[PDB]
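To start, the structure itself, in structure tokens.
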Amino acid sequence: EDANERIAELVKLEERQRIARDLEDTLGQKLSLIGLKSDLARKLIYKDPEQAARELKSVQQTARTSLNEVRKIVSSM
Amino acid sequence: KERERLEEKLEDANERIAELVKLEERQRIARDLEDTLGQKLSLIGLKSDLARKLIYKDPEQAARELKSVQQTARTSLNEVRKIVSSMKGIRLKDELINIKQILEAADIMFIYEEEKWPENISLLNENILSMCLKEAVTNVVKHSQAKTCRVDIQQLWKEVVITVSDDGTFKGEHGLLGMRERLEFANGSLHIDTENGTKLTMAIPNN
Ligand SMILES: Nc1ncnc2c1ncn2[C@@H]1O[C@H](COP(=O)(O)OP(=O)(O)O)[C@@H](O)[C@H]1O
Ligand SMILES: [Ca+2]
């Protein structure tokens with residue numbers, strides 16, 4: 001029954017490789033951005049708070065759609 | 001012929017078996033991801049929201065939170081490099097190292113001219129070559145009692161080829177079926193010339 005075993009291992013692997021590329025791209029980028037922007041936002045707490053809040057709503061969105069995306073890369077639908 | 005209709009009913013079922021195994025893996029991985037990354041992303045959204053809440057109320061607590069968010073983004077970045085590397089599986093350059101060890105320590109002289117290292121080899125194909133290679137050298141150390149073993153890794157035009165030759169005693173007639181199968185699966189081939197020691201020619205399309 002190996003015959004099926006080892007071939008199916010090959011397909012998992014491939015599947016694994018695919019997800020891996022997708023993730024790598026989108027996510028590296030999005031996490032760096034979130035770091036950056038959360039830092040600008042900190043820079044404004046005092047000097048311009050309304051701005052800092054908008055920036056934070058932004059960071060919130062990029063984290064949300066980041067989840068979505070991961071979810072999508074691994075979507076079975 | 002009808003050789004066609006048949007090869008294609010075969011293709012159809014292979015494909016279906018295919019999407020089941022595929023999907024099973026994707027789900028398993030989806031759980032892993034929820035569990036790590038999904039949680040970190042969610043957390044970042046949470047803290048950034050909290051911070052926003054504290055802008056006027058407690059500016060210091062908000063700054064503290066944003067520092068927290070920055071850290072969890074950093075560490076998540078890490079999680080990701082690691083994950084993806086790990087999911088990429090074992091890499092051919094690395095398998096080369098592995099077998100240098102194995103040979104040297106089973107006391108066999110290892111021969112390797114470094115060359116035009118191929119350029120557009122899918123990660124999957126890289127993995128099959130690494131596998132076929134580990135096994136071929138295993139068989140060297142187990143069956144040949146050769147004194148020397150040379151591996152060549154060359155770009156030929158359709159395909160990458162890796163040969164492994166040993167000046168030892170071809171016995172037998174599991175590993176070899178395994179190699180022919182993986183290789184076969186990627187639209188490549190195994191060849192076995194015993195004309196003077198065990199010589200193995202593992203060719204696979206680049207893709
Ligand atoms: N480098 C080698 N030198 C001598 N014999 C070999 C070599 N490689 C393979 N063989 C022979 O081919 C047979 C089949 O090998 P394989 O398919 O790897 O199964 P196993 O290693 O379990 O025998 C081996 O039993 C071995 O005797
Ligand atoms: Ca073997």
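Just so we're on the same page: first chain in the structure tokens is A, next is B, and so on; residues restart at 1 for each chain, and ligands are numbered from 1 in the order they show up.
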
Taking only residues of chain B that have an atom at most 8 Å from an atom of ligand 2, what is each one's shortest atom pair and its distance in Å to one decimal, using only C-alpha atoms and all ligand atoms, in chain and number order, as a Markdown table?
| residue | atom | partner | partner_atom_place_in_ligand_line | distance |
| --- | --- | --- | --- | --- |
| B:135 | CA | ligand 2 | 1 (Ca) | 6.2 |
| B:136 | CA | ligand 2 | 1 (Ca) | 7.4 |
| B:138 | CA | ligand 2 | 1 (Ca) | 6.5 |
| B:139 | CA | ligand 2 | 1 (Ca) | 5.1 |
| B:142 | CA | ligand 2 | 1 (Ca) | 7.9 |
| B:174 | CA | ligand 2 | 1 (Ca) | 5.7 |
| B:175 | CA | ligand 2 | 1 (Ca) | 3.9 |
| B:176 | CA | ligand 2 | 1 (Ca) | 6.4 |

task: Considering only C-alpha atoms, return as JSON, numbers by chain whatever protein or nucleic-acid residues lie within 9 Å of residue A:60, sequence-local ones (same chain, fewer than 4 positions apart) excluded.
output: {"A": [34, 55, 56, 64, 65], "B": [44, 45, 46, 48, 49]}

I need the chosen residues saved as a compact mmCIF listing (two decimals), in the first residue's frame, with N, CA, C and O atoms.
# COMPACT_ATOMS: atom_id res chain seq x y z
N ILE A 34 2.46 46.76 9.54
CA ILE A 34 1.79 46.97 10.81
C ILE A 34 2.78 47.51 11.85
O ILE A 34 2.49 48.49 12.51
N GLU A 55 -4.77 56.30 12.20
CA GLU A 55 -3.70 55.41 11.86
C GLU A 55 -3.99 54.06 12.47
O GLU A 55 -3.84 53.05 11.79
N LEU A 56 -4.37 54.04 13.75
CA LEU A 56 -4.73 52.83 14.45
C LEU A 56 -5.93 52.10 13.83
O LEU A 56 -5.99 50.88 13.89
N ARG A 64 -6.89 42.74 10.13
CA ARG A 64 -8.09 41.98 9.82
C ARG A 64 -7.95 41.27 8.46
O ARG A 64 -8.08 40.05 8.37
N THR A 65 -7.66 42.02 7.42
CA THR A 65 -7.59 41.46 6.09
C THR A 65 -6.38 40.53 6.00
O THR A 65 -6.33 39.67 5.14
N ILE B 44 -3.25 41.47 17.61
CA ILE B 44 -2.73 42.72 17.18
C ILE B 44 -3.91 43.62 16.95
O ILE B 44 -3.87 44.76 17.38
N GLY B 45 -4.97 43.12 16.30
CA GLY B 45 -6.14 43.97 16.10
C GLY B 45 -6.71 44.44 17.46
O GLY B 45 -7.11 45.59 17.63
N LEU B 46 -6.71 43.55 18.44
CA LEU B 46 -7.29 43.82 19.72
C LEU B 46 -6.54 44.93 20.40
O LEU B 46 -7.14 45.91 20.78
N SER B 48 -4.37 47.08 19.18
CA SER B 48 -4.40 48.36 18.49
C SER B 48 -5.76 49.07 18.76
O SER B 48 -5.85 50.32 18.89
N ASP B 49 -6.81 48.27 18.91
CA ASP B 49 -8.08 48.86 19.24
C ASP B 49 -8.13 49.47 20.67
O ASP B 49 -8.63 50.57 20.88

Please, which residues in chain B fall within 10 Å of ligand 1 when counting only C-alpha atoms and all ligand atoms, and what is the closest atom pair and distance in Å to one decimal for each, ordered by chain then residue number, as JSON lines?
{"residue": "B:135", "atom": "CA", "partner": "ligand 1", "partner_atom_place_in_ligand_line": "18 (O)", "distance": 7.0}
{"residue": "B:136", "atom": "CA", "partner": "ligand 1", "partner_atom_place_in_ligand_line": "8 (N)", "distance": 6.6}
{"residue": "B:137", "atom": "CA", "partner": "ligand 1", "partner_atom_place_in_ligand_line": "1 (N)", "distance": 7.1}
{"residue": "B:138", "atom": "CA", "partner": "ligand 1", "partner_atom_place_in_ligand_line": "21 (O)", "distance": 7.6}
{"residue": "B:139", "atom": "CA", "partner": "ligand 1", "partner_atom_place_in_ligand_line": "8 (N)", "distance": 4.3}
{"residue": "B:140", "atom": "CA", "partner": "ligand 1", "partner_atom_place_in_ligand_line": "1 (N)", "distance": 3.5}
{"residue": "B:141", "atom": "CA", "partner": "ligand 1", "partner_atom_place_in_ligand_line": "1 (N)", "distance": 6.8}
{"residue": "B:142", "atom": "CA", "partner": "ligand 1", "partner_atom_place_in_ligand_line": "2 (C)", "distance": 6.9}
{"residue": "B:143", "atom": "CA", "partner": "ligand 1", "partner_atom_place_in_ligand_line": "4 (C)", "distance": 3.8}
{"residue": "B:144", "atom": "CA", "partner": "ligand 1", "partner_atom_place_in_ligand_line": "3 (N)", "distance": 3.1}
{"residue": "B:145", "atom": "CA", "partner": "ligand 1", "partner_atom_place_in_ligand_line": "3 (N)", "distance": 6.9}
{"residue": "B:146", "atom": "CA", "partner": "ligand 1", "partner_atom_place_in_ligand_line": "3 (N)", "distance": 7.3}
{"residue": "B:149", "atom": "CA", "partner": "ligand 1", "partner_atom_place_in_ligand_line": "1 (N)", "distance": 8.9}
{"residue": "B:164", "atom": "CA", "partner": "ligand 1", "partner_atom_place_in_ligand_line": "1 (N)", "distance": 8.7}
{"residue": "B:165", "atom": "CA", "partner": "ligand 1", "partner_atom_place_in_ligand_line": "1 (N)", "distance": 7.6}
{"residue": "B:166", "atom": "CA", "partner": "ligand 1", "partner_atom_place_in_ligand_line": "1 (N)", "distance": 6.2}
{"residue": "B:167", "atom": "CA", "partner": "ligand 1", "partner_atom_place_in_ligand_line": "1 (N)", "distance": 8.5}
{"residue": "B:168", "atom": "CA", "partner": "ligand 1", "partner_atom_place_in_ligand_line": "3 (N)", "distance": 5.8}
{"residue": "B:169", "atom": "CA", "partner": "ligand 1", "partner_atom_place_in_ligand_line": "4 (C)", "distance": 4.9}
{"residue": "B:170", "atom": "CA", "partner": "ligand 1", "partner_atom_place_in_ligand_line": "4 (C)", "distance": 3.6}
{"residue": "B:171", "atom": "CA", "partner": "ligand 1", "partner_atom_place_in_ligand_line": "27 (O)", "distance": 4.0}
{"residue": "B:172", "atom": "CA", "partner": "ligand 1", "partner_atom_place_in_ligand_line": "27 (O)", "distance": 3.2}
{"residue": "B:173", "atom": "CA", "partner": "ligand 1", "partner_atom_place_in_ligand_line": "13 (C)", "distance": 5.0}
{"residue": "B:174", "atom": "CA", "partner": "ligand 1", "partner_atom_place_in_ligand_line": "19 (O)", "distance": 4.6}
{"residue": "B:175", "atom": "CA", "partner": "ligand 1", "partner_atom_place_in_ligand_line": "18 (O)", "distance": 3.6}
{"residue": "B:176", "atom": "CA", "partner": "ligand 1", "partner_atom_place_in_ligand_line": "17 (O)", "distance": 3.6}
{"residue": "B:177", "atom": "CA", "partner": "ligand 1", "partner_atom_place_in_ligand_line": "17 (O)", "distance": 5.8}
{"residue": "B:178", "atom": "CA", "partner": "ligand 1", "partner_atom_place_in_ligand_line": "17 (O)", "distance": 7.4}
{"residue": "B:179", "atom": "CA", "partner": "ligand 1", "partner_atom_place_in_ligand_line": "17 (O)", "distance": 8.5}
{"residue": "B:180", "atom": "CA", "partner": "ligand 1", "partner_atom_place_in_ligand_line": "17 (O)", "distance": 9.7}
{"residue": "B:192", "atom": "CA", "partner": "ligand 1", "partner_atom_place_in_ligand_line": "8 (N)", "distance": 9.3}
{"residue": "B:194", "atom": "CA", "partner": "ligand 1", "partner_atom_place_in_ligand_line": "3 (N)", "distance": 9.2}
{"residue": "B:197", "atom": "CA", "partner": "ligand 1", "partner_atom_place_in_ligand_line": "3 (N)", "distance": 7.2}
{"residue": "B:198", "atom": "CA", "partner": "ligand 1", "partner_atom_place_in_ligand_line": "1 (N)", "distance": 5.1}
{"residue": "B:199", "atom": "CA", "partner": "ligand 1", "partner_atom_place_in_ligand_line": "1 (N)", "distance": 7.7}
{"residue": "B:200", "atom": "CA", "partner": "ligand 1", "partner_atom_place_in_ligand_line": "1 (N)", "distance": 8.8}

Residues near residue B:42, cut-off 9 Å, only C-alpha atoms, skip fewer than 4 positions along chain, as number ranges by chain: A: 63-64, 67; B: 37-38, 46-47

Write a file of the selected residues as a PDB file, in the first residue's frame, keeping N, CA and C atoms.
ATOM      1  N   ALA A  63      -4.444  44.230   9.809  1.00  0.00           N
ATOM      2  CA  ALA A  63      -4.468  42.984  10.555  1.00  0.00           C
ATOM      3  C   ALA A  63      -5.730  42.114  10.262  1.00  0.00           C
ATOM      4  N   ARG A  64      -6.894  42.742  10.133  1.00  0.00           N
ATOM      5  CA  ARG A  64      -8.092  41.985   9.815  1.00  0.00           C
ATOM      6  C   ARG A  64      -7.954  41.266   8.460  1.00  0.00           C
ATOM      7  N   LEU A  67      -5.583  38.379   8.460  1.00  0.00           N
ATOM      8  CA  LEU A  67      -6.237  37.137   8.845  1.00  0.00           C
ATOM      9  C   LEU A  67      -7.016  36.533   7.675  1.00  0.00           C
TER      10      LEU A  67
ATOM     11  N   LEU B  37      -0.590  31.843  14.114  1.00  0.00           N
ATOM     12  CA  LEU B  37      -0.752  33.088  13.411  1.00  0.00           C
ATOM     13  C   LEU B  37      -2.119  33.717  13.513  1.00  0.00           C
ATOM     14  N   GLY B  38      -3.172  32.916  13.614  1.00  0.00           N
ATOM     15  CA  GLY B  38      -4.469  33.519  13.460  1.00  0.00           C
ATOM     16  C   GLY B  38      -4.579  34.290  14.728  1.00  0.00           C
ATOM     17  N   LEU B  46      -6.708  43.548  18.441  1.00  0.00           N
ATOM     18  CA  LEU B  46      -7.289  43.819  19.723  1.00  0.00           C
ATOM     19  C   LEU B  46      -6.544  44.934  20.403  1.00  0.00           C
ATOM     20  N   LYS B  47      -5.236  44.768  20.565  1.00  0.00           N
ATOM     21  CA  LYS B  47      -4.390  45.731  21.231  1.00  0.00           C
ATOM     22  C   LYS B  47      -4.452  47.065  20.489  1.00  0.00           C
TER      23      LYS B  47
END

task: Quick one: everything within 12 Å of residue A:77, counting only C-alpha atoms, minus sequence neighbours fewer than 4 positions away in the same chain. Send it as an MDAnalysis selection string.
output: (chainID A and resid 71:73) or (chainID B and resid 19 23 26:27)

query: For chain A, which residue out of B:100, B:158, B:3, B:74 is the nearest one, using only C-alpha atoms?
result: B:74
